[PDB]
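Input: a single structure, listed below in structure tokens.
Here, each number is a calculation from the coordinates, and none is a lab measurement. Here Cβ is always computed from backbone atoms with ideal geometry, including for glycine, and neighbour counts include all displayed protein chains.
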Amino acid sequence: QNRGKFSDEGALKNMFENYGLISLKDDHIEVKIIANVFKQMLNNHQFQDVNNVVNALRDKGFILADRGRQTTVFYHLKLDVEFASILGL
Amino acid sequence: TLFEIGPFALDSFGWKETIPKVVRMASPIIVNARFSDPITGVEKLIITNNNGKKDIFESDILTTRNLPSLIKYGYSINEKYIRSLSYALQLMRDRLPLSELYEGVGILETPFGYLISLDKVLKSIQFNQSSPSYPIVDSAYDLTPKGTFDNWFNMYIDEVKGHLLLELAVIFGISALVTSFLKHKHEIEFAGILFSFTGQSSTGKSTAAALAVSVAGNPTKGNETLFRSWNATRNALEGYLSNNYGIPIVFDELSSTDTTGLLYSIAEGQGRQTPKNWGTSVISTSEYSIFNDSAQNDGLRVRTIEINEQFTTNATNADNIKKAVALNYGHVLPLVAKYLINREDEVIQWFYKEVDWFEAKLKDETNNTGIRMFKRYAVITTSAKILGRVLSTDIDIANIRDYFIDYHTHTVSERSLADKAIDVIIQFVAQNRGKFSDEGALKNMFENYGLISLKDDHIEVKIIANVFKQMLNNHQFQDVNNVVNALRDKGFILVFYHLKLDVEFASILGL
Amino acid sequence: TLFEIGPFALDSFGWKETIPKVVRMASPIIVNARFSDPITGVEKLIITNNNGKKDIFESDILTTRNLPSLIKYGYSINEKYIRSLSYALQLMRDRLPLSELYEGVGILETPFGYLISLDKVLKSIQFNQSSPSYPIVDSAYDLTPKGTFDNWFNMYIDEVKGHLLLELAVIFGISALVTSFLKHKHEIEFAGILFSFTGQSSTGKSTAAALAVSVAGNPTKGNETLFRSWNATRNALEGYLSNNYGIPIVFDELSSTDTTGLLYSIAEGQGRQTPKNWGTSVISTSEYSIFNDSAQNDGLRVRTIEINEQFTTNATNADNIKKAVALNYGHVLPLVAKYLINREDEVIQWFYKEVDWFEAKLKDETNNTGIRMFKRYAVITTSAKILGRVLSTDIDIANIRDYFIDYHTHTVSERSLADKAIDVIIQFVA
Ligand SMILES: Nc1ncnc2c1ncn2[C@@H]1O[C@H](COP(=O)(O)OP(=O)(O)NP(=O)(O)O)[C@@H](O)[C@H]1O
Ligand SMILES: Nc1ncnc2c1ncn2[C@@H]1O[C@H](COP(=O)(O)OP(=O)(O)NP(=O)(O)O)[C@@H](O)[C@H]1O
Ligand SMILES: [Mg+2]
Ligand SMILES: [Mg+2]
């Protein structure tokens, strides 16, 4: 929905509002998303604790091991690769 | 003939008066003790029978208007004789001496020392020696022991021992009475800690929570118990805590309740509008943090400790614990009480040893608010040692010390406005980079937040004051000056604040 | 036989009546003094026994409907004789003279002068001379001394003396009575200052706050004390301040409470809807400013002074103070009271000296609202001098003067609508 605010070439060059950085990787898509934005999107979909969701996500290997702002700048999410067409990758 | 005055006489069959005919007035109605409340002036009375019935009334029960209401409480009265009977009972309490009524549970303050009020009342060496009378106390909970110490201890060995967090849970519960005891001795100034068991669903929170309060009384939902929910008004939560200085209580599940003020309220036994006053420790349970929808305030993280770890190892462990405490409770804290009373100096010295250990192991903390946690970690370890002696079982104090040394270091950035704030700021720049210009001029034709410049091993971000204030309000900070001043001290800082950010952000910020 | 009329008699064992037979109808019940409220008309009574029990009732306690309720208050009554017993107690109070009841704490206004109501009651040279009565006062707090002056003073030397802000904190607390005393003398028109201890968490605020009120009474949380919280309605905050014109009170932690309106209310003893009227100084404590969520009004910054500095030097400094004041309190302000009473002219001249000093040191202030702070800084320094005499210790008055000259100069642009406004404007343009 907010693809417009994720830049591809490593720099946050959306002049109106930046949510993160998106990169097509080998059989996964790296979506780096700003923490605050991640918190807000969770409150808005009626999650009520970030950390719980974060570790929950990490256990299935959605967020990865020790790269990102975990539980104890960005969250580093990996998404299934073949979404790449629709995400304009 | 248990009592007589003038024409009125009390025997084991009741009251009677004599005239020129001897008539029965009432069932046995006995006045055992009167009390006088200083500020109000209002007197109170213990009214009994010979079948061990005990009730406390305001003395105006003895007016002819009110006395028949004793029939509600099981007595019998002949209202043809209410006027005398009212007078006879007044005469009876006149003969009584003035007594004093202490109300509450835990450590009760007394001009003749202190009491420990639990289910029975435990007097201290200072008080026992100093008062020439039996103290009288309002029980003020259930707390009556169910089952055996043996069973409780058996589940302790089988389901708790060797498990750090489930051990903490037992410590925490006795640490209410211990903490309160130390405040009473002015060895600490805080009167208790708010503990919050958080984490994901089905992980033993409400279980360890019941385990914690099984120390002094009923850990189940019911009439008058230590296991309760957030489901009520502030009027009644605060109301159930009233006159509590040593009993742990559980508030289970926030979900069934903007919490800032309430957190504070707990740490300090202040009621609303006379006030209800307490000084005890309280365990919360929730699927979401309590610093979630709260101010970004340091004083909040200080009088609160939140454990976000799984307590029980498996589903059976939990189901085994719950069953054990529902059936056996209230056996440990009396032991802790006797221990506090008979080994007072010993505990105070223990506490000193622990405070000194924590001070020494954390001598790198400059932050005032971090030094403030020192005496808090050290009431818990001190409480652990007593748990150890009392149960006569081995408890690894090293692991509990270290657990908190490890809790501290991972909570350092959260007692520091500077660290919390610089964080929203970096993402604010990242997120709203579009509104920060590079070439010195505010040339965003929609909205300008500031100016950004790549400097030598730092990035200069000049940000408009108003914008800086507004973002802080939006992330639930509540004083600019405070945040600014905090940031200025770690060397982070009429138009802009001049922020310096770590250089290697330069790539993503398009510098 | 302490009293008699007709067949009704009061002996040391109680009341009794006689007929053509003598019956006992009540415990010792004594009417010691009556008062009459002008606007209301309603009379009041001091009812006692032989054991120094004292309570104030509206005189309608003596009606046969109400009198039995004295049994709640420990007395004994034979309700076979309530109709008589009511009349005798009426009769007894007819014999009493009219007295006047002054209610409150601090400086109590009297047509025969002024009183200082603390825990005991201190008469002034003007009052002592003119009326033939033992004044009767509603104590209206605890304020009873605990421990020793010596301990409090030892804490003062060991933990306070030489430390500016912790010294102010003691000054501020006694300055309630002094400020009020000066208003009463029309040497100032404001009745008190709202003080706000702000700054970061764990910096001695609630400590300096207890330190401040230990001058007049209990500085700890409890039944009836000077250390309280924001946790209530406006209805009860205002209600606890009622009839207070000289005792400092602490409101601890805003966090457990758009504040514009409440600030004003404090500076002027204005209740809501009769009203509760006060005139005292009050200390707030908070991790965030009170001018945070308030109007951009000058009149707000004027009747409030906010200290955003650390009070205690280290963590032990605080803990020693809290412990010292919890155990020893209420010894200083009585001294200040006696000093005010026996050295009235001296204090007023002192005050003048300070006001003129500040006027001279700040003769560049054109801003009306800044000149208005002059007499405020000067009640505080004046209070410091009295603290100095009273404790018999040296207090550097220069440092307290200059602290406020420096408070002033760094708060100038906040008393200036223009300076705040041009500041919002440049950023609005940017
Ligand atoms: N460690 C565990 N592993 C798996 N299941 C568990 C565990 N602990 C508890 N459960 C299950 O959860 C049930 C209730 O546990 P409980 O102590 O109430 O945890 P809880 O955190 O309070 N649940 P909730 O109130 O929804 O957050 C038990 O009867 C078990 O079926
Ligand atoms: N100057 C200080 N330096 C370091 N720690 C301090 C200092 N003053 C107080 N503390 C710690 O803070 C505790 C109580 O703080 P307190 O005097 O109430 O300040 P405070 O401003 O009221 N804290 P808060 O209510 O959270 O804003 C003491 O027992 C110490 O542990
Ligand atoms: Mg649960
Ligand atoms: Mg405080």
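Here are the numbers for the structure shown:
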| item | result |
| --- | --- |
| Net charge contributed by nearby residues that have their C-beta within less than 12 Å of C:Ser59 (K/R +1, D/E -1) | -2 |
| For the range B:276-432, the fraction of alpha-carbon pairs in successive 5 Å shells from zero, as % | 1, 7, 12, 15, 18, 16, 13, 9, 4, 2, 1, 1, 0 |
| Euclidean distance of C-alpha centroids, the range B:175-229 and the range A:30-89, integer Å | 35 Å |
| Under 21 Å from the Cα of C:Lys123 - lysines, other chains or at least 8 residues apart | C:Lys183, C:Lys185, C:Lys338 |
| Gyration tensor over alpha-carbon atoms, the range C:386-427, equivalent ellipsoid semi-axes in Å | 38, 8, 6 |
| Part-to-part distance (alpha-carbon centres) for the range C:282-299 and the range C:301-367, which is given in Å | 20 Å |
| Value in Å of the Kirkwood radius, where the range B:416-511 supplies the Cα pairs that are averaged | 13.5 Å |
| Per-pair calculated FRET efficiency, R0 = 41 Å: C:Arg65 and B:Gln476 via Cβ, rounded to 0.05 | 0.10 |
| Principal axis dimensions, the range C:351-430 - Cα atoms, whole angstrom, descending | 58, 20, 14 |
| Descending principal axes extents, the protein assembly as shown, alpha-carbon based, whole Å | 116, 80, 50 |
| Tail beyond 21 Å, pair distance distribution of the range C:12-132 (Cα, percent) | 48 percent |
| Cα-based convex hull, the range B:212-307, per residue volume (Å³, whole number) | 110 Å³ |
| Hypothetical label at A:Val73: residues of the range B:431-458 whose amide nitrogen lies under 18 Å (7 Å Cα-Cβ projection) | B:431-434, B:452-458 |
| Theoretical gain in end-to-end length, C:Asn297 to C:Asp364 [0.36 nm per residue, Cα-Cα removed] | 21.9 nm |
| Nearest-0.05 FRET efficiency for C:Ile5 and B:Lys80, computed from C-beta distance (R0 45 Å) | 0.85 |
| Modelled FRET efficiency - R0 22 Å, C:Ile397 with C:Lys120, Cβ distances, 0.05 increments | 0.15 |
| Of all DSSP beta bridges in the protein assembly as shown, antiparallel share, percent nearest 5 | 65 percent |
| Gyration tensor verdict on the range B:192-267 (Cα atoms; rounded if a/c is under 1.5, prolate if a/b is larger than b/c, oblate otherwise) | rounded |
| 10 Å Cβ neighbours from other chains, averaged over peptide B:259-265 | 4 |
| Inter-probe distance in nm under a simple model that places probes 7 Å from Cα toward Cβ, at C:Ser133 and C:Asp356 | 4.1 nm |
| Residue mean of other protein chain beta carbons inside 10 Å, B:478-485 | 6 |
| Inter-site label distance for C:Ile405 and A:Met41 at 7 Å from Cα along Cβ, in nm | 6.0 nm |
| Chain B: Cα Rg divided by the 2.2 N^0.38 Å rule of thumb | 1.28 |
| Estimated inter-spin distance, B:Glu100 and C:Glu268, nm [label 7 Å along Cα→Cβ] | 4.6 nm |
| Percent of C-alpha pairs per 10 Å bin, the range B:374-475, short to long | 12, 29, 17, 13, 14, 10, 4, 1 |
| Peptide B:423-435, shielding by other chains (average Cβ, 10 Å cutoff) | 5 |
